[PDB]
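Just so you know, all these numbers are worked out from the coordinates, no wet-lab data involved. Heads up, the Cβs are rebuilt from the backbone with ideal geometry, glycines too, and the neighbour counts pull from every protein chain shown.
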Amino acid sequence: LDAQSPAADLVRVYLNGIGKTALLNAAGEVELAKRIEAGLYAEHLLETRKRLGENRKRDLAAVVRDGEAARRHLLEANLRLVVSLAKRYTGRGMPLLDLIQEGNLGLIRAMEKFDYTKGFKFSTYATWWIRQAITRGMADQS
Amino acid sequence: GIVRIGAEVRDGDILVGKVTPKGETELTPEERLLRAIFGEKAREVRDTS
């Protein structure tokens, strides 16, 4: 066939891609981040006590895999928030895609260098970091 | 934030309370406006009463 078809909006593709997100209500995020911490500690100990041949030789690798999986979801957790904050700062000439991408970069730079430290909802911290990142993007765009 | 008049005080007791902000990255021209519009009271504070 050779019939033509209409194009698709880029934003709608983003919404379809993130529709699978399901926020954890800020409650379970602490254990979510305890999975990352233990994963990194597994990283270190895997290459520190190397000689040990044991059934545990696979459990820590599973903890590292759990840490890799725990981040893949934590990042999904905040895309609604980042898109909202980005949309809050539109109308300055930039396509919403460029701002939301910049906020995505800011988020990934944040949470991966964040600790609960008996801190408050990480959502406030993410909002702050992504807001700073998008503000910097707009400023450098001029 | 001050002790009521006529209240007995013992050694080691608190006499007046205050909060000391925490240190983070700052910019003189942008942080002022940013703090004015958004991000109010979102930084750590120490105790130096």
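Do you know which of the residues in the range A:86-96 that are out of contact with any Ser or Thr (no Cβ under 9 Å at 6 or more places or on another chain) and in a helix (DSSP H, G or I) is surrounded by the most Cβ atoms within 10 Å (Cβ to Cβ)? Reasoning before the result, please.
First pass over the range A:86-96, keeping only residues out of contact with any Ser or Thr (no Cβ under 9 Å at 6 or more places or on another chain): A:86-88, A:90-95.
If we keep only those that are in a helix (DSSP H, G or I) as well, we get A:86-88.
On the way: A:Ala86: 24, A:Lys87: 13, A:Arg88: 12.
Among them, the one singled out is A:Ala86.
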Residue hits (the range A:112-126; in a helix (DSSP H, G or I) and either more than 12 Å from the chain's Cα centre (by Cα) or surrounded by fewer than 16 Cβ atoms within 10 Å (Cβ to Cβ) (or both)) are A:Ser123, A:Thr124, A:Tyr125
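Could you check the range B:1-32 and list, in sequence order, the residues that are assigned to a helix (DSSP H, G or I) and either surrounded by 10 or more Cβ atoms within 10 Å (Cβ to Cβ) or within 12 Å of the chain's Cα centre (by Cα) (or both)? Lay out the reasoning, then the answer.
Applying the first criterion (assigned to a helix (DSSP H, G or I)) to the range B:1-32 yields B:28-32.
Correct list: B:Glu30, B:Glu31, B:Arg32.
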All but one of (1) more than 14 Å from chain A (Cβ to nearest Cβ); (2) out of contact with any strand residue (DSSP E or B) (no Cβ under 7 Å at 6 or more places or on another chain) hold for B:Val19; state the number of the condition that does not hold.
(2)
A:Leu99 fails exactly one of (1) surrounded by fewer than 18 Cβ atoms within 10 Å (Cβ to Cβ); (2) farther than 30 Å from A:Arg35 by Cα, namely (1)
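Let me confirm something: among A:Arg109, A:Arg92, which residue is over 14 Å from the mean Cα position of the chain (by Cα) and either of a type outside the set (A, V, I, L, M) or closer than 23 Å to A:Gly137 by Cα (or both)?
Values: A:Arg109 fails: over 14 Å from the mean Cα position of the chain (by Cα).
Checking each option against the conditions leaves just A:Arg92.
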